[PDB]
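> generate a structure from the sequence data that follows.
(chains A, B, C, D, E and F)
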Amino acid sequence: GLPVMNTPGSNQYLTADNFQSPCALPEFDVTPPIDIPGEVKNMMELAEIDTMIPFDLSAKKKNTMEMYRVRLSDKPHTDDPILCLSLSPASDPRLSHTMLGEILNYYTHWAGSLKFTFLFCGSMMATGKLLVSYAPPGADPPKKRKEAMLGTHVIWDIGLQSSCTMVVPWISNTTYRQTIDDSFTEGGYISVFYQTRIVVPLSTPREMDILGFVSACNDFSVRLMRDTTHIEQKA
Amino acid sequence: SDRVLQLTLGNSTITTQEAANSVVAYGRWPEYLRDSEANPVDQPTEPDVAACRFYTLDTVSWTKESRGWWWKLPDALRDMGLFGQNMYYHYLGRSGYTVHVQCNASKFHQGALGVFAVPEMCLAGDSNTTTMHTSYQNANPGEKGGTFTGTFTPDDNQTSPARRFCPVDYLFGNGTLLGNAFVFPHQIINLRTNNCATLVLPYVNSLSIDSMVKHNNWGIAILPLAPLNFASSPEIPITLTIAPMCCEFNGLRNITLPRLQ
Amino acid sequence: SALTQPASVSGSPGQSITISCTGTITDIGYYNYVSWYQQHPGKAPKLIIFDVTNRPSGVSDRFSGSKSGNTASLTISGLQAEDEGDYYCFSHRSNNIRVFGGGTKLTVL
Amino acid sequence: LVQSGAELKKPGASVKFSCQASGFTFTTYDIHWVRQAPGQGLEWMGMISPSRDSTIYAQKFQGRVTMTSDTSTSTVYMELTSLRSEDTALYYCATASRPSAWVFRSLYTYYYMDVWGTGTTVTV
Amino acid sequence: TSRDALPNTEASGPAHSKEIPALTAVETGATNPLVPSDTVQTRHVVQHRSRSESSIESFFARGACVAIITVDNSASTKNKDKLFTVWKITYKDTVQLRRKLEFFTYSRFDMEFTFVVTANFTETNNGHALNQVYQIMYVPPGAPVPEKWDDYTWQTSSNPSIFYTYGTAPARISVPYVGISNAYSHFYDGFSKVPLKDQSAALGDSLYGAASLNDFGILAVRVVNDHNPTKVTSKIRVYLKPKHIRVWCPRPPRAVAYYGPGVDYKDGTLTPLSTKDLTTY
Amino acid sequence: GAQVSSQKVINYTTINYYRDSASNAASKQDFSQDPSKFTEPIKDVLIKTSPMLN
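Numbers count the residues shown, from 1 in each chain, chains lettered A, B, ... in the order given. The protein structure is shown below:
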């Protein structure tokens, strides 16, 4: 017999090994595959698809259809923010239940640019301009437009083309950010401000709604799997 | 230009002046069965022009209080002409679908519809006491479809169960959050932007061909993302028009008479 | 609601006689927790067949069971005078509800 | 061996039931109640599970029947809060201890009722 | 094009032109395929990050538990039969693997079983027990399910079976793609039978969603040993590890808690989100 | 008849000992694809610098 020596890790069961095993059903004739449309090869193909942010989350309106709608109005101009996002895609309670939030909840580390896209659902007569801004962390969060002007921003004109995209650049200290709320790798702040009010003529609705979407760019990656925290099983 | 579009299928033609560019779902145009994938040996019937034409379902009315609507394919086409008769006479069949939704409104109206194409659009039942109990009469409603509801309410009377769906709108009728439904093939009818949407759906299934009477392949969900409001409740109609593409039937038998009274 | 059973079955000794329990698509048709019980008059019930075809100890081999679709049947081969009494079907509704049968009285002629 | 309570007769008002069992069967297994009206056949009332103190009630009985447990005396109690003339019946307390081979869900085992008490006739 | 680096960010200068990458139409259903060099003044950077860990075969590499099944070896003097156990093979009763598989509508995968067995005593000791041997029999659909622990069907004429001795490494076996279709169907929007106007109501009924009543067959486990003088009880944990997996139609992940085999949801628990504020970072 | 492949950091050697294909190790080395079939499913080509609607 060939002399052999057993290493540590013999007779263990590793739940992520790549060993061979004998077949219970030898000489099995497998059904051939067919050209079913839609085959994915990477989970990041799913992350690059736009999905809608639940913005509102107020106690009166949460877990209803209203949570997706940000209500604008023709009120006189004020530098108060329209909406505020925490930009921690797996741990922000808004962003976590997006598809990107779910995939990044199945992973520990993430990197890459994020597309933020807003869609205007008001009348065609309605016009106006919105300042969509991103602030890298390490500063006071922007509560007035004068602070938010200094960051990365796009001024979106609501014309015949209905939607505009702000791509948040990958400004980070680490190569990968963590998917939990630890301050060492916090993502910053994203906010939308009125750059002049939405003006609308008579015999129109005075209130109108916008919808927002998130997706990754092609420079996006994840690298470490984990169990998701959303689901739970009783008894 | 790109806003204008003409779709010609059979003797029907649809012309729209404010269309978005049409979506070919999952990047695949509908096709007939290839020789390398055909499981049955009997000669398939390809009725072509006799079935590949645009059929218009019932027109739903959109209001302030409206929560949304859903349909099943090919179930909604079961009353529509030779396609319905071929469904009732053949054991196996397959077809792609061109789904065209028309919703016209003035420049002063506002609102947005999401038109979602869902493969295997299963829906939750009313009965919290008995899973999977929805009857064939209630699960396949035909051309009139069904309506989503804003709140869940189980039937208390177990002595005579309703056995019907209770689809909660924000849970997409299946327990998945509405904001993630955009991973499905979709187009948005925004009343300021476009008056119509066009989805071309390939035949997707785990089998090369399947029993259309037993199994619904695609579901179409129309959900108001932004509510319709207009200076005043307003009402505007939504018309749904479906045309089969590359239809192919096999296994001719006696006519099935499903109990639907 | 309850599982359906015939009201009464009659026969002479030495015959082979079956009693049938028919339920909905749930109970017998999906869950294999189908059981039969016996009750002599004035006595407490006693289990005769616990899983679909399985007998407890102390039950004679002349009792037998089978399942087909929404219907399960208890077959007694070589009926005897001591077997006269009530017989009850019992099974499980799809989510944590238990349901008995209507019962059958077996008369040995 | 399982010991059943007393037999009572008062109409309209509530009636309480008692069912005492050995400690091993009390701690380990669920306990069921079954109603037997004269000639009408067995009808399931509910389940008490003193290993976790969870209870499940039948839909015909949910508005009237409550159940409770006593770990000190290894005894469970059932109270019918209101009784109709139909409720005049013999009532049975049964402990389920015969295990099924089939795995229930994928994480539990199923017990059929196999040990039966003497029972109690109650008149309304 | 498997584990290679992601595309590098090209340097972009300031621009003043009619080209408008920033504007888009979500109504078309397309997602605007922008890179950061299209809207901000990017520098050049060679990107070393990959996408290997986000592949489908990487995503399903971790094995998951599906069942915890109980057997015993009853004390010889006691009346009650030895509890063998019998399990309908499905993934739909454990939430984690179900939630991961329900990301997609259709799948093919080879299936690597792994069985871990743990035993314990249940009495005041009164005599120890020797090292037990466990038989794990695969029962394909329509084959006779055992009625007793010493039934004739345990003789293993054609069924595959695994004999495991306690204290050894956990037993592993692989089964190929066993599904009758060209892919597994995680969801089935249909019925097994159609009710017809000629048939009675009791005969035409069918479960919704349930494509078949016995999908992949039955596992049966028993203790081979005779009745020990004192009771020993053991639990078997079955672990599923998909191999060579291909998946075909994406879906939103399940948000609300599960209920039964179908897509139904329980009353009351329909509140996935939690309270926050629109204007609070 | 072994298979030799390079590790991403050097080679590693694999031999398939069982003749049934289900027995094999997951070889990884899985090809990636263009996400256009889910991200850009429209009929006409999306030239990204152009206005999307004309």
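> tell me how many other residues surround residue A:59.
Close neighbours of residue A:59, defined as other Cβ atoms under 10 Å in any protein chain shown, add up to 9. C-beta coordinates here come from the backbone N, C-alpha and C atoms, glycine included.
> and it, how far is that from chain D?
Counting by Cβ to the nearest Cβ, to the nearest Å, the gap from residue A:59 to chain D is 31 Å.
> so that residue touches residue E:276, yeah?
No - checked against Cβ atoms under 8 Å, the pair residue A:59 and residue E:276 is beyond contact range at 9.3 Å.
> can stretch B:125-142 be found next to chain D?
Yes - counting by Cβ under 8 Å from any Cβ of the partner chain, chain D has neighbours in stretch B:125-142: residue B:129.
> identify each buried residue in that stretch, please.
Buried residues in stretch B:125-142, counted by 16 or more other Cβ atoms under 10 Å in any protein chain shown: B:125-136, B:138-142.
> can you tell me which of those residues are up against chain E?
B:125, B:127-128, B:131-136, B:139.
> what's the closest of the residues you listed to chain A?
residue B:128 (14.8 Å; Cβ to the nearest Cβ).
> how about the residue nearest to the spatial centre of chain C: what's its closest non-neighbour residue?
Per Cα atoms, centre = their mean, the C-alpha nearest to the average position across chain C is that of residue C:36, at 3.9 Å. Nearest residue to residue C:36, sequence neighbours excluded (Cβ to Cβ, 6 or more residues apart in numbering or on different chains): residue C:49, at 4.4 Å.
> quick one, what contacts the one you found?
Contact analysis of residue C:49 by Cβ atoms under 8 Å, 6 or more residues apart in numbering or on different chains lists C:35-36, C:55, C:59, C:63, C:65, C:74.
> export those residues to JSON lines and tack on secondary structure?
Putting the contacts of residue C:49 into JSON lines (DSSP: H, G, I helix; E, B strand; the rest coil) gives the following:
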{"residue": "C:35", "secondary structure": "strand"}
{"residue": "C:36", "secondary structure": "strand"}
{"residue": "C:55", "secondary structure": "coil"}
{"residue": "C:59", "secondary structure": "coil"}
{"residue": "C:63", "secondary structure": "strand"}
{"residue": "C:65", "secondary structure": "strand"}
{"residue": "C:74", "secondary structure": "strand"}
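> where's the most far-flung residue of chain D relative to its centre, which helix or strand?
Note on chain D: the largest C-alpha distance from the chain mean falls to residue D:106, namely 26.3 Å (Cα atoms, centre = their mean). Residue D:106 is part of no helix or strand when elements are defined by DSSP states H and E.
> so which of the buried residues of stretch B:125-142 are in helices?
Per DSSP state H, helices hold the following members of these: B:136, B:138-139.
> turn these into JSON lines, columns for distance to chain F.
Putting these into JSON lines (distance: Cβ to the nearest Cβ, whole Å) gives the following:
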{"residue": "B:136", "distance to chain F": "33"}
{"residue": "B:138", "distance to chain F": "33"}
{"residue": "B:139", "distance to chain F": "29"}
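> phi and psi next, for the residue farthest from the centre of chain D.
Per-residue torsions, residue D:106: phi -130, psi 10 (degrees, to the nearest 10).
> got a list of what it touches?
By Cβ under 8 Å, 6+ apart, the contact list for residue D:106 reads E:66-69, E:87, E:90, E:93-94.
> just flag the most distant two among those residues.
Using Cβ to Cβ, the pair of those lying farthest apart is E:68 and E:90, separated by 13.9 Å.
> compare the two (neighbour count), which wins?
residue E:68 (19 against 16).
> which SSE is the more buried one in?
Counting by DSSP H and E, the element that carries residue E:68 is strand E:64-73.
> elements contacting that strand?
strand E:85-88, helix E:95-101, strand E:218-223, strand E:232-247 (3 or more Cβ pairs under 8 Å, 6 or more residues apart in numbering or on different chains; DSSP states H and E).
> pick the one among the contacts of residue D:106 closest to chain B.
residue E:93 (12.7 Å).
> interface residues of chain C facing chain D?
C:2, C:32-33, C:35, C:37, C:44-47, C:50-51, C:54, C:56, C:86, C:88, C:90, C:92, C:96-103.
> which ones, among these, also lie beside chain E?
Near chain E, judged by Cβ under 8 Å from any Cβ, the entries from the residues of chain C next to chain D are C:51, C:54, C:56.
> neighbour-wise, which one of those residues leads?
Highest neighbour count within those: residue C:51, with 23 neighbours (other Cβ under 10 Å).
> surely that residue touches residue D:101?
Yes - using Cβ under 8 Å, residue C:51 makes contact with residue D:101 at a distance of 5.8 Å.
> so in that sheet, which strands flank the strand holding residue E:68, and in what orientation?
strand E:232-247 (antiparallel) (DSSP bridges).
> how many neighbouring residues does the residue of the stretch 101-250 of chain E found nearest chain B have?
Residue nearest to chain B within the stretch 101-250 of chain E: residue E:190 (3.6 Å; Cβ to the nearest Cβ). Using other Cβ under 10 Å, residue E:190 has 27 neighbouring residues.
> which residues pair with it across the strands?
According to DSSP bridges, the partner residues bridging residue E:190 are residue B:215.
> so it versus chain F, what's the distance?
From residue E:190 to chain F the distance is 26 Å (Cβ to the nearest Cβ).
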